[PDB]
């Protein structure tokens, strides 16, 4: 099966199986492994790989979408000595995650979010974009081919296409999403469409 438990390792004594809301659609050509929670009405497309096999949960919130070829994975969060590596764990609303994807988030084709990372609600992570060791706020837009590494992206900001942001000084000066900005309504449209696609694909299964 393409939905599978993670293996036993020196840092993982008990295998976990994914917890998937019954209204989510997981394409048969996607792969979901290990300690993963997938919320309601989520669409996981062909060739996506969500792999949680190094400790700690990967969480994908309600009405989010994980498009074709997207990879979610995380650095080790528990060492061989059972010691939690706090640098590799993100905290959201009192709970620890390896990767936290909020509600109404679009992870567009071929993007990747690698833990430790958190992505806030109503954020569009554009095609081929990359997020690693970063917290991306709510209502953000990562344009195609942008990247955030090692930074916190404030709420309501966008990263222009192709820009690789690696310092907090840069992240603090990113431009704001405004109504006239080209991608200001992109995520709400993509979420609306993908929630309906998930329901349609479920009716073919």
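Numbering follows the first chain given and starts at 1.
(request) Pick between 61-69 and 147-155: the one whose mean CA B-factor in the entry is higher. (result) For C-alpha atoms only, the mean B-factor is higher in 147-155.
(request) Check the entry's C-alpha temperature factors for 44-52 and 164-172, then say which stretch has the higher mean. (result) That would be 164-172.
(request) Please work out which residue in 177, 38, 142, 136 has the highest C-alpha B-factor recorded for this crystal structure. (result) That would be 177, according to the entry.
(message) Ranking the modelled residues of this chain by C-alpha B-factor as given in the entry, is residue 79 in the lowest, middle or highest third?
(response) It belongs to the highest third of the chain when residues are ordered by C-alpha B-factor.
(message) Splitting the chain's C-alpha B-factors into thirds, which one does residue 126 fall into?
(response) As the PDB entry reports it, the C-alpha B-factor of residue 126 lands in the lowest third of its chain.
(message) By the recorded C-alpha temperature factor, relative to the other modelled residues in its chain, which third is residue 120 in?
(response) Tercile = middle for this residue's CA B-factor.
(message) By the recorded C-alpha temperature factor, relative to the other modelled residues in its chain, which third is residue 90 in?
(response) For residue 90, the deposited C-alpha B-factor lands in the highest third.
(message) Quick check for you: using the entry's CA B-factors within this chain, is residue 190 in the lowest, middle or highest third?
(response) Bottom third by C-alpha B-factor.
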